[PDB]
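Only one chain is included here, represented as structure tokens and corresponding to the form deposited in one PDB entry.
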């Protein structure tokens, strides 16, 4: 089971307990997110980028997952665009990604978020340690998407990201500073995972099984993370230019991607 794997025990009690409760009530959240995904591939807007205090620089968690989704959208026949901050744009350049310009919800068939800050109750943006984020927000377009009724999907691994507002109670209860940190921004479908990137791959993995083709094949976790790390995107925990994400080294992320590919291939045969 993909939804389970992407939530593997990291050492982060919060996310795990959120997953347990969230899943007890929405057992098939990953599949539901996948149906919405598959049904609206015409023109997908993908948003990522999470500034990290005190520098306010974007981290390694989120961009890779976005890239993986983008790649899958095109393989399935749709078009995609990415909405992020400057550094993240530079980091993804080697991959020739279409960058969204003066985007309006109406223009897209689906808008997905991978590790993007979501407004808290007090209208402010917070990191997992309760440090206010100072930088132009990206969640604004989701509020408009929701008001227009345009399909929305959120991926997060902490409680403070876009789409997390759907399970705000779970965050307040299981995560530190949850009351002040939890985002209120809702999403039509939500994917919770231990590492946002993983949640992203899980979507692709499930889509792959739904379609009968492994859309994850070719993905080189190592290369992608080294590339964006080189380009200046920092690790969210060590807050340094280490080739890792969420304080975890590549062997673990690489292992999850490989198992995902394996599970997908098995299910397809």
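Only the largest set of C-alpha atoms that superpose within 1.5 Å between the two forms is called the rigid core. Residue numbers count along the first chain shown, from 1.
Peer 1: Can you let me know which of the two, 187-195 or 165-173, has the higher average C-alpha B-factor in the entry?
Peer 2: Looking at the recorded C-alpha B-factors, 165-173 comes out higher on average.
Peer 1: In the PDB record, does 196-204 or 212-220 carry the higher mean Cα temperature factor?
Peer 2: Averaged over C-alpha atoms, the B-factors run higher in 212-220.
Peer 1: Going by the entry, which of 130, 145, 112, 82 has the most elevated CA B factor?
Peer 2: In the PDB entry, the greatest C-alpha B-factor among 130, 145, 112, 82 is found at 130.
Peer 1: Using the temperature factors in the entry, find which of 57, 47, 38, 67 has the highest value at its Cα atom.
Peer 2: Answer for 57, 47, 38, 67: 57, with the highest C-alpha B-factor.
Peer 1: Taking the chain's C-alpha temperature factors as the reference, tell me which third residue 249 falls into: lowest, middle or highest.
Peer 2: For residue 249, whose C-alpha B-factor we compare with every modelled residue in the chain, the answer is the highest third.
Peer 1: Against its chain's modelled residues, does residue 15's Cα B factor rank lowest, middle or highest third?
Peer 2: As the PDB entry reports it, the C-alpha B-factor of residue 15 lands in the highest third of its chain.
Peer 1: Report the third (lowest, middle or highest) to which the CA temperature factor of residue 119 belongs, ranking only the modelled residues of the same chain.
Peer 2: Its C-alpha B-factor, which the entry lists for residue 119, ranks in the middle third among residues of this chain.
Peer 1: Considering every modelled residue of the chain and its Cα B-factor in the PDB entry, is residue 105 in the lowest, middle or highest third?
Peer 2: Top third by C-alpha B-factor.
Peer 1: Lowest, middle or highest third: where is residue 62 by Cα B-factor in its chain?
Peer 2: Bottom third by C-alpha B-factor.
Just so it is clear, the following notes concern the form deposited in another entry, a form of the same protein that is not shown.
Peer 1: Core-aligned, between the shown form and the other one, one residue among 242, 41, 209, 36 moves its CA by 2 Å or more. Tell me which.
Peer 2: Single hit from the list, 242.
Peer 1: So, superposing on the core, is the move of residue 261 at the CA at least 2 angstroms between the shown form and the other one?
Peer 2: False for residue 261: its C-alpha shift is below 2 Å.
Peer 1: So the CA-CA distance for residue 24 and residue 146 moves by at least 3 angstroms in the other form. Closer or farther than here?
Peer 2: Relative to the shown form, the pair is closer.
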